[PDB]
Amino acid sequence: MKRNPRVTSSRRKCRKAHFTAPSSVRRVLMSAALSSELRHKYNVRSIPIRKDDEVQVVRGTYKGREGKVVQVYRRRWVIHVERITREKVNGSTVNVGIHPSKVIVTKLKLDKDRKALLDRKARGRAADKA
Amino acid sequence: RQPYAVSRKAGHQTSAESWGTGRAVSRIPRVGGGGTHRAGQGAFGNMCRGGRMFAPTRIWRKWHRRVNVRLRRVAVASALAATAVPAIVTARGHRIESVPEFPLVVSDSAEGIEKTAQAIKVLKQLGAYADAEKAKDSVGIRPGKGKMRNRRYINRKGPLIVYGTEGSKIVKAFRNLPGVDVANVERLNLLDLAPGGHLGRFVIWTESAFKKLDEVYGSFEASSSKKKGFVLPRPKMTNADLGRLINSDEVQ
RNA sequence: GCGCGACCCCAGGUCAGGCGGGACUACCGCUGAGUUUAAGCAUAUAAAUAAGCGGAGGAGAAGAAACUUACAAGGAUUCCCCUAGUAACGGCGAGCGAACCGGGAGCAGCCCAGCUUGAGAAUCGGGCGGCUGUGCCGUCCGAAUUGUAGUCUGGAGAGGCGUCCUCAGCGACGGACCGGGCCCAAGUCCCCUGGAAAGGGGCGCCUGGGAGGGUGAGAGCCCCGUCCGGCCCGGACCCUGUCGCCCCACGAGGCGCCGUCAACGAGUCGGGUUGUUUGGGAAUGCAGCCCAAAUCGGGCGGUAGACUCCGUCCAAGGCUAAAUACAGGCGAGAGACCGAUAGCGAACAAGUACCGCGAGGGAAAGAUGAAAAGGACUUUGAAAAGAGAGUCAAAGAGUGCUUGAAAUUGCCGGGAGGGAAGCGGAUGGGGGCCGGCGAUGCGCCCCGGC
RNA sequence: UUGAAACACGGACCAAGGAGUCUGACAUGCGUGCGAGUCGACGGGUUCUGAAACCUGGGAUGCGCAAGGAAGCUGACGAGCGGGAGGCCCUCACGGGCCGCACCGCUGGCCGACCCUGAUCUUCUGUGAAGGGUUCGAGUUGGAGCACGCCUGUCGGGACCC
RNA sequence: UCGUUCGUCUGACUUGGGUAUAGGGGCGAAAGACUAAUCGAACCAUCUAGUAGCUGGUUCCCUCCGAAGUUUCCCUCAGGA
RNA sequence: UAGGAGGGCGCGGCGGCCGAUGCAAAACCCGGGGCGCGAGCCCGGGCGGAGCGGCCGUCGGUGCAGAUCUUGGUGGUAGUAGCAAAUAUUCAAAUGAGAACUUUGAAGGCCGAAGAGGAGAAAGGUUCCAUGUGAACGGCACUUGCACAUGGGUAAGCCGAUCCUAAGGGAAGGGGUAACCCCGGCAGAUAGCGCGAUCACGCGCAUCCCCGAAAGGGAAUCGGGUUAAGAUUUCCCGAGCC
RNA sequence: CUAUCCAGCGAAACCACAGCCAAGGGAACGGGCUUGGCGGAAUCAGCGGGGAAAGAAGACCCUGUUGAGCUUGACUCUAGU
RNA sequence: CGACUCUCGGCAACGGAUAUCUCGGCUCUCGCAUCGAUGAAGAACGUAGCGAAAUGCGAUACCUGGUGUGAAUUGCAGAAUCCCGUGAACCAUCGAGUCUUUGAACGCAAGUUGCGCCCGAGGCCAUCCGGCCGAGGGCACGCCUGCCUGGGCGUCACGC
Ligand SMILES: [Mg+2]
Ligand SMILES: [Mg+2]
Ligand SMILES: [Mg+2]
Ligand SMILES: [Mg+2]
Ligand SMILES: [Mg+2]
Ligand SMILES: [Mg+2]
Ligand SMILES: [Mg+2]
Ligand SMILES: [Mg+2]
Ligand SMILES: [Mg+2]
Ligand SMILES: [Mg+2]
Ligand SMILES: [Mg+2]
Ligand SMILES: [Mg+2]
Ligand SMILES: [Mg+2]
Ligand SMILES: [Mg+2]
Ligand SMILES: [Mg+2]
Ligand SMILES: [Mg+2]
Ligand SMILES: [Mg+2]
Ligand SMILES: [Mg+2]
Ligand SMILES: [Mg+2]
Ligand SMILES: [Mg+2]
Ligand SMILES: [Mg+2]
Ligand SMILES: [Mg+2]
Ligand SMILES: [Mg+2]
Ligand SMILES: [Mg+2]
Ligand SMILES: [Mg+2]
Ligand SMILES: [Mg+2]
Ligand SMILES: [Mg+2]
Ligand SMILES: [Mg+2]
Ligand SMILES: [Mg+2]
Ligand SMILES: [Mg+2]
Ligand SMILES: [Mg+2]
Ligand SMILES: [Mg+2]
Ligand SMILES: [Mg+2]
Ligand SMILES: [Mg+2]
Ligand SMILES: [Mg+2]
Ligand SMILES: [Mg+2]
Ligand SMILES: [Mg+2]
Ligand SMILES: [Mg+2]
Ligand SMILES: [Mg+2]
Ligand SMILES: [Mg+2]
Ligand SMILES: [Mg+2]
Ligand SMILES: [Mg+2]
Ligand SMILES: [Mg+2]
Ligand SMILES: [Mg+2]
Ligand SMILES: [Mg+2]
Ligand SMILES: [Mg+2]
Ligand SMILES: [Mg+2]
Ligand SMILES: [Mg+2]
Ligand SMILES: [Mg+2]
Ligand SMILES: [Mg+2]
Ligand SMILES: [Mg+2]
Ligand SMILES: [Mg+2]
Ligand SMILES: [Mg+2]
Ligand SMILES: [Mg+2]
Ligand SMILES: [Mg+2]
Ligand SMILES: [Mg+2]
Ligand SMILES: [Mg+2]
Ligand SMILES: [Mg+2]
Ligand SMILES: [Mg+2]
Ligand SMILES: [Mg+2]
Ligand SMILES: [Mg+2]
Ligand SMILES: [Mg+2]
Ligand SMILES: [Mg+2]
Ligand SMILES: [Mg+2]
Ligand SMILES: [Mg+2]
Ligand SMILES: [Mg+2]
Ligand SMILES: [Mg+2]
Ligand SMILES: [Mg+2]
Ligand SMILES: [Mg+2]
């Protein structure tokens, strides 16, 4: 149960916050989980998903399909992954939509900012357990 | 409770006026003007669409009702007694079937516990964990309108833990457990001791708290309670056993 | 053939400045009804209200007794409770209606004018220059003697004397309060169903975290969050907490005595009369006009009057937090509230479309799907479309598309009818439907085994 | 409406909405608590889901505990009778006797307004032994009340709706 | 409004545009005429959900009890005590 | 009957208890079976696709057939009343899916110029012109259009406005006013000073500011050409004028 | 020229349920009730007897302790003079 | 047998009730104190590769700048150097900027983009070492402090 009398526990406000969040806020909301191998290696559970990351679907009808992130299409709360597609009636091919909370990031697109971000998150999870 | 009421001005933001008689329509006030579907439509009536309600609710309803200070204390006394009767604690729905004794008093070593995991062992060593099981298992979404009025989940009641010493930590070991409530000994609440208005809340007393009860409520003697102007209520019937009275030698 | 100085007025696109308008919740001033009630109606009531005209702030207004009381008296203002539906007022009708005492919240008191620089305007503004720069310094003009400063404000005070007792500032680090950014527990393990597992069963784990939300169906462990707190950045602050240097005075203040002085607000008070207002009643406040003061004097003591005594305060100038109010603004948090004819008029390009010359009036209108995967292609047709097909768990969920009632309508099957039909009781014929619609078991017995 | 099948009015049909409520004062009844008391209702303290709960004050706040007078004022000196539920004593028991609650009836005492009365005492205008009354009181000779809750009723409010 | 028929047509004539008068006010060769289809007092918003002893309506079942149109007073006679 | 009371039924929340549901919740549908005197209730079948129910206490914007009730939807009337003023059309051909209604030609008629012709002021605002067009709309129809869609189009020293004053309006100082506002001749160092001068001074100051007319007053233009749509005089050619 | 018939287009008023009469009774003039007369599908064009036909909460009259315009020797006031 | 009318059932229409929702409303509580001549509120017109409305903005016009974050925006198209970095973004936030015409609205007006005056950087010639077109910018009213210019026998002094 909440203690901070500045955070709202109302269904109406919490939904408004979610569905009217700006782009800089959807990056955190559309966050994915590290794989078992990476969670073991970086000591972080989950990260905000990036353009060139590699994922594996773990819940959809496409469960067990791996691929590369090709678009983090924040305006629809979705990511398209390479070759995760279906064909339209006319025969054209379209990329199907995946929510970041139903994939695991099997490989990281690491940068200077990502390395620092992994550090800060790793410094944290240890700072409570120890 | 918080008050609720309609807007004071609602249904009364039109310049509508009755056409009168002679036009083959009822005499309800109507919206004048023209150029829109609103023109000529009824207004201000509780039968009209867009009108104000009959007897609009006001915030100066009587939300809060007063009870005598003494009647509050009498009812708390009755609720406490019923917590000590196994048949009534059973009948009110608590699984009390492996508990050793009623009243259920546990040592003061419980006081210093810290974790929800620590609290779970204590309930297991009593016969208390089964009742806490039922509370957690019974959690579901509230049927009806309340699930969208910020009251989405409901559950059953578990046991109530009463501690005596102020400033303890079992407040924080038990709070994550659905159904389980913690109370301090001096300031007990009737809403916990008889929730739903039904007698028989399952109470786990700490030894620190069970010994303060005689301090708090006193006896059948004047000025013995910590409370002022209070004496425990006496019954209308000293022994309620109709078996013993009806089948005594004196009456037969 | 003057030039003076001051007085009162000019005009300046002179140097520098400040004014007006906007918003309505709450606040200050003015002005000001009637509906209504009195079972009629005129005083009364509605109401010192609505409308009208203005003025402010974050609060505003009030405020430090020309007060109450009649007591062993109390002691600024405001607000709550009580006083109290009371005293009073009232075609004494309908009705109306405070205050003192008492109990709480919060408490805080100040500053002018006047006799009192005269060896000396010691005061203040502006230009210019400089610097440590919300100010200080120099200098030159000017204001002001028809009075700037200092003293002093009735509780006093000026004087006089007197052992005595009291006084200067800037550093340094912070604590609090204020805003912001980040970081932080545990399963997505095995089987089944399903389009989808967030469902069921198995086995586990977190919990100072089972508030809430998202994610393809009731998710603590999938994601954001929540608990405990950690960190980094930036403020305003003028409140206090400690270390450093500087040491407060012959000026002022306190305190002890003295009795010589002892100044205290004028067309104002106060009285008459008129109108309004009030619970205020031989007149509660206010305002017009007339009369018009006093200094052993003035204002009060809720019945007008004269005298004796008694209690009480000192108007006619000014400032002053806190406790209080808050349908507006901005920023939050909640709810036994409403659920698209409800809730604001407006959940939506709603004060919109549209109407009116105008002042103004003022709607209707939410929901495909988990995902557009929104129906390629063939065939008939001028086309719209149809028939096949394709997508989908599903399209019979097909772009006003979740469900999809009634009124009313078409088709198919059945039934009946000589100027209504429907209806209540009877039953007969047809239908249509009902297997808990309706039983086959129990007692003696003889084996042949359990 | 005395009287409706009416040549009385309203009603073409269907869906949805649609009218004795909230509040303040009082009253009777009922329930709860305490009881000559009873209310903690403005505050304060405390309270980690709670605007909740819990504690505190009151030696005088409200109502009650005393009334009659316009007022100045004065302020209940202690009740008998008839009938009575019920209990007890007697009788073989029918019948008798004793005590008798509530309630009904009857007659009184006392307080007060008004009238009447007057020993003694006293601060000379007060007191009041005795003795009163076809008078009047929402009096006393029964302490029963206070708080909360609900229905009903009267009234004020938009006040059942138009 | 239309058809036919009518009145007047150098005049106190017809007419456009500009301008003046605004609600117990205007303007009137006077009809209470006209003042934006509104006139014996326009229109708009508000006071205002104005008041009505008067008309209309007033939403589920069963069971039990069950009336009055008469008295007195009232500017009382369709009302109330 | 009016009226009063009791006991129930039903709707939506809240505190409690007990439960159903993707092996199909709610809602709705039925010539399905039953229970209850009744309010109502239980089950079956179907449709639907994610929520719901019973019991105790408690609470309320809690039960409709009416109100010339409110809003929405729907009938019968009824393929009915009706589409009838302004004299009138006809033949061939083209086009086109389709022609009484479009286009060309021919014929027959009408307005008869105080016009059914050619141009403007007000008012409108793109209706103008070209190209194309599924629906709607053009009260039959349409290939069509004043509709819909996409584009294009308004050229000035000389036409106007602009300048001047009319009736009249606004207005500074001043007068009134609680203030919003109301008063312009009331006469004030009235606003503005004007003119000659500059290389500075002089003179004079009288009835005085602004607004108000695309019909009053008024600097100046004519002819000939040109576009799908602009011009008679805005563009081009020539010739002038202020 | 309509009406009429055809192609195309296509309303509204009104509507408890309806729609053949005679007498009786009845809220004293019935489509429905009582008793009789009768009574046979489905359609077209007209007509104005009836539906006490539609239109409009009678404007006449009365009532109301509802108004308003106007008047005056009504009551109470008031600008002006 | 049929037509018509009425009726029962099944299916199909018509219509939008019901159920289930909800970035909306309503109510209560809390914190704070911030418009304008330095031109506000309000009005108008513009502004995007493809936009009418709403939202945003102002000729620097769905934005410029700084800072934080750290790789998108998205209906289509395009530059993409913008990817271990001065670095994407219909991102957040705010200090630097811009801010058309109006409006208390201010040079006079207004059914007018109408009608004046003043200054003036910049350029041209010489009718001067002045004059011509200027980019930009002023000119409202009342008031206060100072100043400059001036008026009147109002009161004086001193003269002539
Ligand atoms: Mg009608
Ligand atoms: Mg409403
Ligand atoms: Mg007044
Ligand atoms: Mg009123
Ligand atoms: Mg009256
Ligand atoms: Mg009345
Ligand atoms: Mg009257
Ligand atoms: Mg007002
Ligand atoms: Mg103040
Ligand atoms: Mg009282
Ligand atoms: Mg009053
Ligand atoms: Mg987590
Ligand atoms: Mg699972
Ligand atoms: Mg959830
Ligand atoms: Mg977390
Ligand atoms: Mg007076
Ligand atoms: Mg003051
Ligand atoms: Mg609405
Ligand atoms: Mg609406
Ligand atoms: Mg389906
Ligand atoms: Mg569907
Ligand atoms: Mg769904
Ligand atoms: Mg549907
Ligand atoms: Mg149907
Ligand atoms: Mg048939
Ligand atoms: Mg039958
Ligand atoms: Mg049968
Ligand atoms: Mg009658
Ligand atoms: Mg009749
Ligand atoms: Mg009637
Ligand atoms: Mg009718
Ligand atoms: Mg209904
Ligand atoms: Mg008391
Ligand atoms: Mg007795
Ligand atoms: Mg008696
Ligand atoms: Mg009422
Ligand atoms: Mg005629
Ligand atoms: Mg003629
Ligand atoms: Mg003629
Ligand atoms: Mg004319
Ligand atoms: Mg004219
Ligand atoms: Mg006449
Ligand atoms: Mg009403
Ligand atoms: Mg009647
Ligand atoms: Mg409700
Ligand atoms: Mg209702
Ligand atoms: Mg209905
Ligand atoms: Mg009814
Ligand atoms: Mg016809
Ligand atoms: Mg005709
Ligand atoms: Mg002519
Ligand atoms: Mg054209
Ligand atoms: Mg047509
Ligand atoms: Mg002009
Ligand atoms: Mg002209
Ligand atoms: Mg002209
Ligand atoms: Mg030319
Ligand atoms: Mg036809
Ligand atoms: Mg007959
Ligand atoms: Mg009839
Ligand atoms: Mg018959
Ligand atoms: Mg026939
Ligand atoms: Mg016929
Ligand atoms: Mg007829
Ligand atoms: Mg009729
Ligand atoms: Mg009538
Ligand atoms: Mg009467
Ligand atoms: Mg009258
Ligand atoms: Mg008279």
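Definitions and limits used
- Residues numbered from 1 in each chain as written, not as in the entry; some residues may be left out.
- Chains lettered and ligands numbered in written order.
- Part of a larger assembly, values for the part shown.
- Heavy atoms only, no water.
- UniProt positions renumbered as here; feature names shortened; annotations may be inferred.
- Helix = DSSP H or I, 4+ residues; strand = E, 2+ residues; numbered from the N terminus.
- Buried < 20%, exposed > 50% of the residue type's maximum accessible area, 1.4 Å probe, protein only.
- Pairing = 2+ DSSP bridges.
- Core = buried A, V, L, I, M, F, W, Y, C linked by side-chain atoms within 4.5 Å.
- Salt bridge = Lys/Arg side-chain N within 4 Å of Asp/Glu carboxyl O.

**Quick word on the UniProt feature "domain: KOW" (unreviewed entry) in chain A**
In the numbering adopted here, UniProt assigns the feature "domain: KOW" (unreviewed entry) to residues 48–75 of chain A. Within residues 48–75 of chain A, the helical portion is 0% and the strand portion 46%, while the C-alpha atoms at the span's ends are 15 Å from each other.

**Considering the pairing of strand β8 (residues 203–206) of chain B**
Residues and elements named next belong to chain B. A two-sided burial pattern is seen for β8, the buried positions comprising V203 and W205 on one face and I204 and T206 on the other. Relative to β8, strand β3 (residues 104–106) runs parallel, the two being bridged by 3 bridges. Each bridged residue has a counterpart across the sheet, and for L104 the counterpart in β8 is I204.

**Focus: the nonpolar core**
In terms of nonpolar packing, the biggest core is built from 24 residues, with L34(A), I47(A), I49(A), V55(A), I79(A), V103(A) and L108(A) touching the most fellow members. No other element matches the 3 residues that helix α4 (residues 112–129) of chain A contributes to this core. In terms of nonpolar packing, the next biggest core, distinct from the first, is built from 22 residues, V89(B), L104(B), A173(B) and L177(B) among them.

**Remarks on the pattern of salt bridges**
Residue and element names in this part refer to chain A. Within the structure shown, the criterion is met by 8 salt bridges over all chains. Of the charged contacts in the structure, one is a salt bridge between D53 and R114, with a shortest N-O distance of 3.7 Å. With a gap of 61 residues between them, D53 in the loop between β2 (46–48) and β3 (54–57) and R114 in helix α4 connect regions that are remote in the sequence. On the accessibility criterion, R114 (6% relative accessible area) is buried.

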